[PDB]
Every structure is written in C-alpha cells, then in structure tokens.
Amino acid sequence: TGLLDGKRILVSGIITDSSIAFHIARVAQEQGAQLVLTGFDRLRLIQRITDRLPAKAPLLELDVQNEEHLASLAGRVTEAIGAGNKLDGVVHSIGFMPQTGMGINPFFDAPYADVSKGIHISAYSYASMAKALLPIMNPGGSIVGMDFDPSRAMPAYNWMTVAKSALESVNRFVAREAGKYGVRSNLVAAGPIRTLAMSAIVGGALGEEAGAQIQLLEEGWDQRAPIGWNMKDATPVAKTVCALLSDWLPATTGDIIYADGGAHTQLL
C-alpha cells in the first residue's frame, strides 16, 4: 500500500532528469499516485525525459505566463483524468529569474522588467495554478510548491531570493482560498540541489565570484545540517513533497516544511 495510492496528482516543473520535479514524480508513482504532468515550451524533450518515469503519465503544455494556457488547464486536466474525476494534489515546481537578477550582475543593475518576469514565474504563478486547479480538486487535497529559505539575504541568489519571499507570502493567501475547498497549501523549503542549472552556475555560468559563493554556501549547508545534506540527492526532498501530498499532515496549511537537513536551525 503506497503512501499516495489512488491519488490523482498534477506535477509541474520537469525539464531534465535532474529536475526536482522529476524526482517528485518518480517517488509519487512509486507510492501509487496517478499523475498528470505539465511542461513548459520544450514538450518533445520533456516527453522523452518523462518516458523514464516508472509509469505512464499524460503531459500537458503549461506556460504560466500564458493566460490562455491557464484558462484551459482545468478542462485539459479533466479530459486527461476523465470526466467526473478530480485531482487530489498539485505540485508547483517552477522557478525562473533572468540572468540580470542573479549571480555577479549587480543587484542594483537588474531592470524591473527582468525582476517582474522572475516574480511572475516564480511567485505569482503559484496563485495562478491554484486558481486554475482548485475548482477541480477534491476535499482533502494538497497543493505543494518548492521554496528556498529567503529569510536572510545570500550572495548570488539576489532577486530570486526576493521572489521566494514573495512566494512564501503568496502561499499564505492561497491557503485561505484553498481552505474553502478543503484543500491545503504548503511549501517545501529545500536545501541546495545540484540540478543542471545549479551545476552550470557553480561552474561559473553567471560569473566566477557567484559560482564560488554558491559553492561556499553548499559546503556550509552540509556542515550546519545536523543530519548532513547531500546536494546530489533530491530523493529526501521528493519524499517530503509526498508527505505533504499524503493524508498524514492534515492540519498543516499556509506553511513551510524545511527539507534542508536541519541547516536553517543551526547557526554554525
């Protein structure tokens, strides 16, 4: 008996086999969940990647900046899962910030249009997905988004940290709306994970100083974490998302669960 047996769950945010969402989707399928996937722009690529998941799942296009995609999404999901069925879960694993808003590009030099695009994709879209999908969610359902703890400023992450602060605030409002449907809304604040993009950044893609700073941050994270932190292993994060999708945290909403090795609880 899987943790998520018979649950119907939408998972956004797969782009590579290193996406946190890929691991969320693998774990959820291992636990009995029936999935619908959403992808942005490179659908042929995403399908090829998702062919490696343990079970079949339909893939729907979703650009969160596209109002038409959002307006049609619930109907497209219902067609995929069948009329008369609703979702039990939704995973938001979507984030973006233009290069001007991250790395060695100075914090003050990021144009607002770039920051605004990043906030749109990384924070506002959590509300936009909830608006689209709550009408097709069952009572007892769960919406989960991916977060990085923004309560203190960090090198390099710059405006992405600001976007996460906005996301945390959005989640608290989404919980008010979601509760009317009997649905929970929460974020998982993960420690650093070496996705393709993060590996590129560590390698200097957004400047050497920024890569060096991120490498220092990752090392400090494992050091501070009482149980350690493995940046090469997304499974503990995926498991935590599944815990929130399950029936086992039924009184938690508007909240943040930290899948970070405990690092945020320790100064040094």
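Numbers for residues come from their place in the sequence shown, where the first is 1.
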* To do: Please establish whether a third or more of the other compared PDB entries omit coordinates for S199.
  => yes
* To do: Between 97 to 105 and 115 to 123, name whichever shows the higher mean Cα B factor according to the PDB entry.
  => 97 to 105
* Structure fact -> Higher of the two mean Cα B-factors (222 to 230, 64 to 72; per PDB record) comes from 64 to 72
* According to the deposited entry, which of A163, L187, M198, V183 has the largest Cα B-factor? -> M198
* Structure fact -> Chain-relative C-alpha B factor for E79 (record values, thirds): the highest
* To do: Would you mind checking where the Cα B-factor of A263 ranks among the modelled residues of its chain, as the lowest, middle or highest third?
  => lowest
* Structure fact -> So, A55's CA B-factor, relative to its chain, sits in which third? The highest
* Sort the modelled residues of this chain by their C-alpha B factor and say whether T235 lands in the lowest, middle or highest third. => middle
* Structure fact -> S128: CA temperature factor from the record, placed by chain third, in the middle
